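Given as structure tokens, the chain that follows is alone and in the form deposited in one PDB entry.
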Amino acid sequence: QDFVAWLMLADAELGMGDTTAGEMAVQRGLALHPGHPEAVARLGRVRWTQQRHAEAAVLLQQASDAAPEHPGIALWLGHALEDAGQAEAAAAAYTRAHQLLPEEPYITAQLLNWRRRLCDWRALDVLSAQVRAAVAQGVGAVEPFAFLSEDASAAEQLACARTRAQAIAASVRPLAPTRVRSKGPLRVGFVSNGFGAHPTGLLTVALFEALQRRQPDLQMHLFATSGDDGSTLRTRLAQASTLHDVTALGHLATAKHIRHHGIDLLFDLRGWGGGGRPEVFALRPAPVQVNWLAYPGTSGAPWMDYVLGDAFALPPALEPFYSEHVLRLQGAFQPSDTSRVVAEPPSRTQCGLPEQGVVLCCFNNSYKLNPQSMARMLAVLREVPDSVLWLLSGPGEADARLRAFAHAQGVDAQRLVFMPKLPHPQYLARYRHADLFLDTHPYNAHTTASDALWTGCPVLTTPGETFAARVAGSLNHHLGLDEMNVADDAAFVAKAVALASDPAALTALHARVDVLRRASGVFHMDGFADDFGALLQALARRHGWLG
């Protein structure tokens, strides 16, 4: 008979992740107080939990109409709206949660992250300060990955990661410890949700193919937390490795499965570092666990032993800000899919571009396009009459917001051209119309910069003071294109303006990229497989391995 006892239990069971118990419990609440916004909100949260997002959004909107002053309801509504594809409506929901409970950092940091994704820069500096103060206060309430978008030092990034990671570790009893095998093929595991048409699969696919034919004494095992999406990438990854389907298993079941296969070296390619539900790692299923590639910064985590970088992106100066022990490959830390044919795209006119203007390109995630990166790009357009800025179309009204900013910055908004979303092969052919790629700060282009360079387009960047701000720089360095890493925004603008107004010099720079992309080691994955493989053998030899 206890209505509130029912729901609270509802939430309890859902917290566990327990399915039908939580719902059963909700069903009993609504029978006692029909329409009640708490029960109703809760039934929406069940649905969202059952991943029925549209039904989830319907229920929560109802609840939210019946209790519009309630901050938790407003938050949960934002969660469902987001997962239902309703981006702008998601934003209004978070905005209202935040207004109602500004005291709550978790909500503040959700709002901020979603605002950046929409290019909505209202209260940007204020929300950003609050999030940075929450890190300093040691709560663990901001997500490490979302934190990479802020311009904060390597030291703050470490504080954010380790406070989050230690929150997890405190509530996980690891598995009993094991050790690297002494004899037999080395088993090297990689855990990811991006084994498919996602950056992780895309970057590593040709590497795994090279390791297969070149490193006999090593077995690559992929543990895929997502199902087969039908992409060529997922299929090439499964033929090049032993690919285990661990999708929809709990964290304990997954850890037990990795331990059952005797994984010696386990790589976190999940993309979340110490955040995003890394309890498979906190359980320590593998004797040696390594952070590489998918998250560009430190895990801060007591369960992570090594991080894999390179001399440019992770120089000696930056080492103390990593909780992991630092290992370095001999060239760039980042592989790429050097099997890819670049098609001829349709004409410039067919892609929405002037045929006769300089096209500056910044294909990047929307949350990377902040006021600083945009202002410096628009400063190039003001100095160079016939140039245009080519961007990826963003979620919500992000493009409309960028047009307004361009207008407010003295630039005709029709000079921004937005590419819609295309399958990878079609997206990649577009680079053939790009004259210069303009990198962002402080979170660089990662896959989009190696896509640009593979197609022969030069990348301009200002290497900064965190790993995530040095990724594009590292590519240039290892390619041999050091003059395209410049000091600061003012040199960024002068180099771009000089290049954009000297088409003969820019032509000569495209010629240089062409030669360097063949003569450097950046796009030889056989060489990358030899280095990576040798480094794997030494890490293991070092913990007991004997071949």
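The term rigid core refers to the maximal set of C-alpha atoms that superpose within 1.5 Å between the two forms. One rule holds for the numbers: they count along the sequence shown, beginning at 1.
- Comparing 271-279 with 346-354, the higher mean C-alpha B-factor in the PDB entry belongs to 271-279.
- The entry assigns its greatest Cα B factor, within the set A159, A169, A134, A469, to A169.
- Ranked against the other modelled residues of its chain, the C-alpha B-factor of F223 as given in the entry falls in the lowest third.
- When the modelled residues of the chain are ordered by C-alpha B-factor, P503 sits in the highest third.
- Looking at the C-alpha B-factors along this chain, the one for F363 belongs to the highest third.
- Split the chain's modelled residues into thirds by C-alpha temperature factor. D120 is in the lowest one.
- Sort the chain's modelled residues by C-alpha temperature factor and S231 lands in the lowest third, per the entry.
Keep in mind that the form deposited in another entry is not shown, yet the notes after this line are about it.
- Compared between this form and the one not shown on the core, the listed residues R213, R122, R277, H325 keep their C-alpha shifts below 2 Å, save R277.
- Residue displacement note: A538 has its CA displaced by under 2 Å between this form and the one not shown (rigid core superposed).
- A change of 3 Å or more separates the two forms for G274 and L203: their C-alpha atoms lie closer together in the other entry.
- Closer approach of the C-alpha atoms of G276 and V191, by 3 angstroms or more, is seen in the other entry than in the present form.
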